[PDB]
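Each answer follows from the model by the rule given with it, or from the source it names; no laboratory read-out is quoted. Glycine also receives a Cβ, built like all others from the backbone with ideal geometry; neighbour counts cover every protein chain displayed.
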Ligand SMILES: Nc1ncnc2c1ncn2[C@@H]1O[C@H](COP(=O)(O)OP(=O)(O)O)[C@@H](O)[C@H]1O
Ligand SMILES: Nc1ncnc2c1ncn2[C@@H]1O[C@H](COP(=O)(O)OP(=O)(O)O)[C@@H](O)[C@H]1O
Ligand SMILES: Nc1ncnc2c1ncn2[C@@H]1O[C@H](COP(=O)(O)OP(=O)(O)O)[C@@H](O)[C@H]1O
Ligand SMILES: [Mg+2]
Ligand SMILES: [Mg+2]
Ligand SMILES: [Mg+2]
């Protein structure tokens, strides 16, 4: 148990630490971490949430900072590093106000004021635009400090395209259900070989060799149950008194599978995607019937497939009518890499696409996937929000400048508190610079002035080796991410600030 | 071994800690510490240097901060707490500039600029005055957070008086050799019974009962040697072949002591102060001669006595001529407390006085002595310097205000560095307040403005419960102490700042 | 193979421990021995002589430090940095099956050429002796924490050496036994001052001796003032009670006569290396003689040279010709303590520097930092030439070695070029330490030097590659030649050792 000062400074020290663990992954010139467990083993990533979910955090307070990365990730997709680094800085900056005598609460109130205020300035200075031109920009930037190769422009384009292909419009606004974009990956070396499939890809093979290698104009039946011999819920026993029956019983079994197949054929279905298993005799006849079957299909998939082809997931083959079959121009098995996979294309419903990721190693494909997800999520958000911000320290520098001014128009103690939040915001520019290997302080000094002269969009230009116009370079931060990062950070910073005794 | 960041932050952490150990002893509403060893035992004090010399510091860096208290003390007497607390704050404030990217060196250069600058502002705003009226003021303030009772005004007066009684003038300037002021103490309960003796007091009794209880118009002989039977450097042996001689040899001894006494009487000396021992037979005859003798007199004293009475310290009694005897109207033994002490008054040389400290317990007398010393030292300095400053956070508040302005008129990085030194200076006001139990932040806020409106002398008024006019309350900080505190602090802060690797 | 790999690494390790202290953005080290003794400094020789190195290779690298320190005085951090370079580079060459003999020859040849270059690109100190030497003194102070007062300390360093410097064959010579440097805490750095004379940190042996003697006849002894007991087993036999006093008087007389001798020869001050008996003390005192005792031998010599005295170890034969001379000797309180100042020495080419620092560990570095300047302005003065600092001359030697490499071609050439890259260590360190981008500065550095800008170095403050002699960063030529000398001799030694056993 720790009381007062001990507890607090200690808590701020904990948060600060966990926060630095990811600090170097920020921005373009970011680095990666290598986490190794006991069995699975090596995991190499640049993703904030990953490096932390996998990290073995022990200190309670540190566990709380980790919580924000997992939230940032699942709630907004991008920004996990930022929210962590920011929480570390708000807690750190507060430690000064604390030593001077300012009460944790008023500090918590300053951060409220400040964040609520910033939550307006950004929305004030946010830049609207929904054209593919910028959607592409959001993408390029979301893929920066990541090990994706030189293909980023290619990847950005895949993402913009996938988002646009699934973006629907309802009562006036555009919605993008990221769930309609199925991303997968396969070791085969390339990264450029990343295919954009206008359909649903299933990492599965057809169950039986003789089944059609491809099926055009397919009537797709999704099945909940396993095409196998079922047993009655009430224990049963078979008493054979006549030798003859021993065969008859063995036949019932066969005729059972024959009928299952018959029900299936009768519906018109020529493609059977089974969430569960398929018996070898069932397979014999499905093949004899010429139906393309796939067993043990992932429920996640069973669902996407249902949505993409318009089919109804049926359990009781007795309710397998033509009415519940899905549609796809082609259902074809094709060998992607060492693996054979089932391609379902021309789905009744077009708002369902895939991104089959390729790349080599393994360790490179997983991450490229992680990078492509951040990109997919933010491009999607931006598609909906139609607003964005000036990246690379720009937004922050501005917010900091304005907030330090708003500070003066506030009380004594709270001012001190909001000036603290203003500085905390400068942590991003400083970080991007530090990692790039440039001079934090001067970068900041220069960045302040340019933004002060009204140059909203001057960010940290690693290329120009200092400050520069993010407008030109096209570095844009999506709105929703900034805000959740800021709000998440303030809520968690406050939580920790009030803890005066940990037991 | 620790390299870079580790080493540095760690070093600043060490200094900070040792610095807080004494922080609560600052000012009037100060507290005391109780250090306990293994044998001597309990030591209770408010003195900065004491609490630290006795403290068991282990960390190297902490040992360095301790060095400044010992220096502040032996070099300037007052200010040991301040110099420590200040070094802690300059190292602490620097830790921010460090994290932002500022280089230890430029920080070291800012502190130079800043301190060199402050070293002028104070000398600019210093207030001249040498009248007893203010000398008394310096005293009262030097005795504040200390456990001296309610007698402070009485004590202040003793100090002013002692300083004035020994202050000499040479080529135009006043000199005060604090060595001419002999302070002593004796358990007897009182603190008011603290006598101011216009002479030299010696914690010693006359060696023999029959010796005069008092000696008027005394001719004082100071003796380096012991009035005892001496042996030749080259080993000697006495061979008695005749029984008769056994007595003759025993007589030589007696006649030896008789002559020693004779030499002494012949000189005119009637008082013998012996740095070494005195034989019982020597005592017999000194008493028979009626000479007041004292043995094993402390060399420190032998020296003050020589200076006060004008006597020459003689070793060879053959060079004990009337020419080398000192003078004192009276040499009298008097029982101070449980102890009998030898009072030498009316010394040939008036610029030599004593302060016989009384007070009870023991633990109270030692400290009261420590308090009276700070007072003696600063009153002395002030007597010479004739300049002083506005106490209780005043000087600091002003310096901080001016230095933050000078900061702007300086470069980029160095400005940051000097603004840091400006804040570090506010540590004193904040501290005085904190201890008093008042609100640091508001006190500071209020103190800034009043000093800003030109109210140099507004310090932290514990009575007014906040800020107030130190001019009125008469709280004055001696110049020399401020400056050595500032200079000492900067030199040591810089030393530690450059250490990037401790091994 | 391995013994070598291990040796090279151990060595390079020591190098790095010192790298961060090079230059104006140099950092300092804190060293705490077993006894808990702390030494916080920047002086690489000290950092090295101090640290606890065990690996034999590491000890060998440290051997470098002391030697560079020994001969020149400034540049021990430089020597070490290069020795690491050379070793780290040989590490590469060694991977390509280049024989350590080839590497050693190549290194030797490059080294030779490197010193030639320094002589070539050097510059005779002209009539600007004053400001040139001042600029040198300062650059030295720039790396140390004494920078704070580099302007005053440099003037003092310049003043002090100029004073004891004898210009013989139109050439100068500086005997440091004419520059007494003392350190006393309790004063700011700016308080450091130059005292014409020899200050001794010793006060008078007895309360009764005078605080000042004018026109002093200094008697310097290297023997104690005490009764001399024979060498043979001697014993006094007293059979008559009267003899006892006769003997005791005789013993006092012997001491009273020693004092008489010293006095009779006209001695006014008696400074002894040994002890002064208490009774003898009375006598000197009574005679009005100012006497100090148990004085430091090193100090004894300095007082000798200064006052033109002779260190008598046979009091019985102390002649008047043995007396030193000084205008005045006086006890002065230097802060807390009482010091004895022998001012107005017979020999005016003797002076003292009183280093002031508020704290022990502070004044200690201050004292080290100044000694570095003295050694510099002195070494410069003597040499007569200087080279542009800030990595300019290094970049220069680096430049010229790449050419010579192409001339003395072969495998030798690979070693000669690596030697060049290694010398480039200085600019890299200097840049790194400040914050400058090493690879960028190094590239720009090479450019200018290629274009014959033999004095373009790294202005660690602006981050620009400017004219080093112009901006005033210059150093005695002697510093550079030894560093490269000591550095290559370490590299070659470590480079021939293919096995290390007990
Ligand atoms: N090309 C770029 N130029 C400048 N800044 C960039 C660039 N790309 C990304 N950034 C900035 O890096 C920060 C985000 O870094 P990132 O590694 O993606 O972490 P996070 O998990 O917080 O998204 C943002 O401020 C972003 O604008
Ligand atoms: N009566 C007072 N009112 C306000 N401030 C005071 C008073 N007395 C002392 N102080 C302040 O307390 C500080 C010194 O506290 P003190 O315990 O004496 O420590 P130090 O060892 O540094 O002298 C100074 O700023 C001094 O002016
Ligand atoms: N003002 C300066 N600007 C750039 N470089 C400097 C400056 N002053 C000194 N240097 C360089 O820094 C190095 C000296 O650093 P220092 O720590 O004293 O090392 P060393 O122990 O070898 O003398 C030299 O190469 C010198 O020329
Ligand atoms: Mg991102
Ligand atoms: Mg005090
Ligand atoms: Mg140097």
key: Candidate set from segment C:43-79 (those that are more than 22 Å from the chain's Cα centre (by Cα) and in a helix (DSSP H, G or I)); member that is farthest from residue C:18 (Cα to Cα)   = C:56
key: Filter result for residue A:89 (within 15 Å of ligand 1 (Cβ to nearest atom) and buried (at least 24 other Cβ atoms within 10 Å of the Cβ))   = yes
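This table checks each residue for (1) away from ligand 4 (no atom under 16 Å from the Cβ); (2) over 24 Å from residue C:161 (Cβ atoms); (3) crowded, with 24+ Cβ neighbours inside 10 Å.
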position	(1), (2), (3)
C:338	yes, yes, no
C:343	yes, no, no
C:360	yes, yes, no
C:378	yes, no, yes
C:381	yes, no, no
C:384	yes, no, no
C:392	yes, yes, yes
query = Quick one: which of B:261, B:166, B:159 is more than 14 Å from chain C (Cβ to nearest Cβ) and touching a strand residue (DSSP E or B) at 6+ places or on another chain (Cβ under 7 Å)?
reply = B:166
inquiry  = For segment C:137-154, check the following and say yes or no: at least one residue is away from ligand 1 (no atom under 16 Å from the Cβ), away from every other protein chain (no Cβ under 14 Å) and over 17 Å from the mean Cα position of the chain (by Cα).
reply    = no
message = For a quick check of your reading of the model, give me the residue pairs whose first member lies in segment C:229-244 and is within 7 Å of chain B (Cβ to nearest Cβ), whose second is assigned to a loop (DSSP other than H, G, I, E, B) and surrounded by fewer than 10 Cβ atoms within 10 Å (Cβ to Cβ), with beta-carbon atoms closer than 9 Å and at least 6 apart or on different chains.
response = C:237/B:239; C:238/B:239; C:239/B:239; C:239/B:241
ask   = Hey, residue B:177 hits all of (1) within 14 Å of chain A (Cβ to nearest Cβ); (2) in contact with a strand residue (DSSP E or B) (Cβ under 9 Å, 6 or more places away or on another chain) but one; which does it fall short on?
value = (1)
task = Name every residue in segment B:286-300 that is surrounded by fewer than 22 Cβ atoms within 10 Å (Cβ to Cβ) and more than 11 Å from residue B:223 (Cα to Cα), in order of residue number.
result = B:287, B:288, B:289, B:290, B:298, B:300
inquiry  = Condition first: part of a helix (DSSP H, G or I) and surrounded by 14 or more Cβ atoms within 10 Å (Cβ to Cβ). Now tell me which residues in segment B:263-285 satisfy that.
reply    = B:263, B:264, B:265, B:267, B:281, B:282, B:283, B:284, B:285
ask   = When both residues are 6+ apart or on different chains and their Cβ atoms are under 8 Å apart, which pairs have a first residue that lies in segment A:305-320 and is exposed (fewer than 14 other Cβ atoms within 10 Å of the Cβ), and a second that is assigned to a helix (DSSP H, G or I)?
value = A:318/A:263
ask   = Which helices (runs of 4 or more DSSP H) does segment A:378-483 wholly contain that include 3 or more residues that are farther than 18 Å from residue A:115 by Cα and more than 16 Å from ligand 6 (Cβ to nearest atom)?
value = A:427-436, A:440-452, A:470-473
task = Please report, ordered by residue number, the strands (runs of 3 or more DSSP E) entirely within segment C:80-187 with at least 2 residues that are crowded, with 18+ Cβ neighbours inside 10 Å and touching a residue at least 60 places away in the same chain (Cβ under 8 Å).
result = C:172-174, C:179-185
key: Pick from segment B:20-32, criterion under 30 Å from residue B:499 (Cα atoms) and surrounded by fewer than 23 Cβ atoms within 10 Å (Cβ to Cβ), ranking: nearest to the other protein chains (Cβ to nearest Cβ)   = B:20
key: Criterion (closer than 19 Å to residue B:427 by Cα and either away from chain A (no Cβ under 14 Å) or within 16 Å of ligand 4 (Cβ to nearest atom) (or both)) met by exactly one of B:97, B:35, B:52, B:90   = B:90
message = When you check residue A:211 against the structure, is it part of a helix (DSSP H, G or I) and either buried (at least 21 other Cβ atoms within 10 Å of the Cβ) or touching a strand residue (DSSP E or B) at 6+ places or on another chain (Cβ under 7 Å) (or both), yes or no?
response = no
query = Among (1) away from ligand 1 (no atom under 16 Å from the Cβ); (2) in contact (Cβ under 8 Å) with a residue 12 or more places away in the chain; (3) not assigned by CATH to the domain that holds residue A:405, which single condition is residue A:133 missing?
reply = (2)
ask   = In the list B:142, B:165, B:179, which residue meets the criterion of being surrounded by 17 or more Cβ atoms within 10 Å (Cβ to Cβ) and away from ligand 6 (no atom under 16 Å from the Cβ)?
value = B:142
inquiry  = Here are the criteria: (1) in contact with a helix residue (DSSP H, G or I) (Cβ under 7 Å, 6 or more places away or on another chain); (2) away from ligand 3 (no atom under 14 Å from the Cβ); (3) within 29 Å of residue C:42 (Cα to Cα). Tell me which single one residue C:113 does not satisfy.
reply    = (3)
query = Can you name the residue in segment B:56-73 that is without any contact (Cβ under 8 Å) to a residue 12 or more places away in the chain and touching a strand residue (DSSP E or B) at 6+ places or on another chain (Cβ under 9 Å) and is also nearest to ligand 4 (Cβ to nearest atom) among such residues?
reply = B:63
remark   = Here the qualifying pairs (Cβ atoms under 8 Å; residues six or more apart or on different chains; first in segment A:450-463 and under 12 Å from residue A:390 (Cα atoms) and touching a residue at least 40 places away in the same chain (Cβ under 8 Å); second within 16 Å of ligand 5 (Cβ to nearest atom) and outside any helix (DSSP H, G or I)) come out as none
inquiry  = For segment B:463-479: of the residues being more than 13 Å from ligand 5 (Cβ to nearest atom) and buried (at least 21 other Cβ atoms within 10 Å of the Cβ), which is farthest from residue B:394 (Cα to Cα)?
reply    = B:479
inquiry  = For segment B:107-121, which positions are within 10 Å of another protein chain (Cβ to nearest Cβ) and surrounded by fewer than 18 Cβ atoms within 10 Å (Cβ to Cβ)?
reply    = B:116
task = Within segment C:190-203, count every residue that is over 19 Å from the mean Cα position of the chain (by Cα) and either within 14 Å of another protein chain (Cβ to nearest Cβ) or not in a strand (DSSP E or B) (or both).
result = 6
